[PDB]
Amino acid sequence: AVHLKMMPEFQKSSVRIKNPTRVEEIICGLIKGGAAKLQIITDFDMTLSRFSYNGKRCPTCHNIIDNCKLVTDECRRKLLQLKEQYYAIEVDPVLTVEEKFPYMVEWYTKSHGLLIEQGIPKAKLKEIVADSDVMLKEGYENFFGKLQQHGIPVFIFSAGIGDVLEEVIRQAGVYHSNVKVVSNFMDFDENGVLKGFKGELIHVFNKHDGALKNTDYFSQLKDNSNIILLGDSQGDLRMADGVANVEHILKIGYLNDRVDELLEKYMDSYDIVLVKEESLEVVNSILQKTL
Ligand SMILES: [Mg+2]
């Protein structure tokens, strides 16, 4: 039987749970099913990676390129302005999520388009990432290592840059076979320089779309009817729309920011909310009981 009261990881003051008995019931199903029934579906930026370090704000996969030596200060002025105009839209409380779709497409298309202009070679991404300020959450080695140990599917679903994401996890030693990455991947020309992005755009609000267009992946995993979902945005809640059959799903949300504005919405939509939390210990503690 599961008791969150007896799990020291859940006593941390960053842990917000609206419905503890409901959560206990889900973790209880997760445990019952064990390895055989489990898969992970996860956002990357600010979920697997840190939102902040030494009083310092950590980069997203996009920020890694924005900030690198291969991009002018003049490109960074444009990128900044874009963020100011379009982030105001993203967080606008009066607009419906649906009304924001076209704005998001515009933002990612404009900002990717400035990066394409800077001329990013594939061969250089290794060093760009090594020199970057990127940080994985405390407990990542344990997170990925228990998962690979038990062959648990991990579907990282990211509106970031997939090439950047992969380099981060590769340099961290956690890009194991069990880890599938769906993201905005770069498209390279003859010389291995960036010319555009592959496929259809994944942004913060349309993960339902990509989730359904990954049938390929989810139907092979019919038997994995227990899901752990991790996100930091409301849009990450749609990341499991493509799952065959769902028996138990636990939704864990990182609330990193805008805490007073978003806490109620987060507590109502995610099962567990992790306020200003830079580790993976609550999910690791659930993996430990389960695996
Ligand atoms: Mg994120």
Side-chain angles (χ1 to χ4, degrees), residues 4 7-15 27 30-31 34-61 63-64 125-158 160-183 221 224 226-232 236 239 250-256 270 272-291:
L4 304 198
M7 309 177 69
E9 301 94 343
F10 277 72
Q11 297 322 114
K12 215 195 171 159
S13 66
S14 73
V15 177
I27 297 172
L30 290 185
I31 287 167
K37 285 188 123 146
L38 187 67
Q39 71 178 288
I40 313 288
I41 291 165
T42 192
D43 172 53
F44 190 72
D45 292 307
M46 320 294 90
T47 297
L48 288 183
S49 69
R50 297 192 202 212
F51 176 90
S52 57
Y53 211 35
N54 290 59
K56 231 338 221 154
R57 217 186 145 110
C58 293
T60 72
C61 293
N63 292 158
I64 294 173
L125 288 180
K126 168 138 164 136
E127 65 187 53
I128 286 166
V129 171
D131 303 350
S132 77
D133 288 334
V134 78
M135 279 275 298
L136 298 168
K137 277 184 198 267
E138 188 170 280
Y140 75 85
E141 191 120 75
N142 221 286
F143 179 75
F144 284 103
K146 299 312 153 289
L147 292 156
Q148 172 68 349
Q149 212 205 138
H150 293 87
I152 310 308
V154 176
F155 181 87
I156 317 195
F157 189 4
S158 180
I161 295 170
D163 309 72
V164 181
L165 186 170
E166 291 189 323
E167 198 53 33
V168 183
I169 62 184
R170 181 181 290 118
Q171 295 177 3
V174 304
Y175 197 3
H176 305 295
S177 59
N178 72 318
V179 173
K180 209 271 194 281
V181 176
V182 172
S183 199
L221 297 171
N224 309 79
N226 292 344
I227 294 93
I228 303 173
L229 191 143
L230 304 122
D232 65 290
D236 292 335
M239 295 190 297
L250 191 70
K251 287 164 159 164
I252 297 149
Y254 286 90
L255 180 57
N256 291 324
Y270 279 99
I272 305 167
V273 179
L274 299 178
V275 188
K276 296 196 180 144
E277 173 68 40
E278 302 302 340
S279 79
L280 286 148
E281 84 187 56
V282 168
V283 71
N284 289 337
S285 79
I286 296 157
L287 297 182
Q288 164 69 33
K289 298 283 202 210
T290 303
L291 289 181

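Quick note: residue numbers are just sequence positions, from 1. What's counted below: heavy atoms across the whole structure, side chains too, no hydrogens, waters or symmetry copies.
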Can you name the nearest heavy-atom pair linking [X] to [Y], along with the distance?
X	Y	result
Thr42	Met239	C-SD, 3.7 Å
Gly160	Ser183	O-OG, 3.3 Å
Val164	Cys61	CG1-O, 3.4 Å
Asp232	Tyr270	N-OH, 4.0 Å
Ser177	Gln148	OG-NE2, 3.0 Å
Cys58	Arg50	CB-O, 3.1 Å

Could you point out which residue of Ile286, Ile27, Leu147, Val154 forms a side-chain contact (heavy atoms from CB on, under 4.5 Å) with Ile228? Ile286
Result of checking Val283, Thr47, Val15, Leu230 against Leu274 for side-chain contact (heavy atoms from CB on, under 4.5 Å): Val15
Please evaluate residues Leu250 and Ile272 with respect to the criterion side chain to side chain contact (heavy atoms under 4.5 Å, CB included), reporting the C-alpha separation (whole Å), side-chain torsions for both, the decisive distance (0.1 Å), and the verdict. CA-CA 8 Å; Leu250 191 70; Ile272 305 167; 4.0 Å; yes
Any donor-acceptor pair under 3.5 Å from [X] side chain to [Y] backbone:
X	Y	answer
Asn226	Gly34	no
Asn224	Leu38	yes
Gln171	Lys126	yes
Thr60	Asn63	yes

Quick check for you: to the nearest 0.5 Å, what is the distance between [X] atom [atom1] and [Y] atom [atom2]?
X	Y	atom1	atom2	answer
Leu255	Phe51	CG	CZ	10.0 Å
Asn256	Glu278	CG	CD	5.5 Å
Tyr140	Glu138	OH	CD	11.0 Å

Listing request: all side chain to side chain donor-acceptor pair (under 3.5 Å) pairs with a residue in residues 282-291, at least two apart in sequence or in separate chains. none
With sequence neighbours excluded, tell me which residues meet ring-ring contact (aromatic ring centres under 6.0 Å, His included) with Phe157. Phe155
Test side chain to side chain contact (heavy atoms under 4.5 Å, CB included) on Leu48 and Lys137; report intermediate values, then the result. CA-CA 6 Å; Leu48 288 183; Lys137 277 184 198 267; over 6 Å; no
Can you name the residues that form a side-chain contact (heavy atoms from CB on, under 4.5 Å) with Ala35, not counting sequence neighbours? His150, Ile152, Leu291
Run the numbers on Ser158 and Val181 for side chain to side chain contact (heavy atoms under 4.5 Å, CB included), then give the verdict. CA-CA 8 Å; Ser158 180; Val181 176; 5.9 Å; no
Test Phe143 against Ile40 for side chain to side chain contact (heavy atoms under 4.5 Å, CB included), laying out the working first. CA-CA 11 Å; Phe143 179 75; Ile40 313 288; 4.1 Å; yes
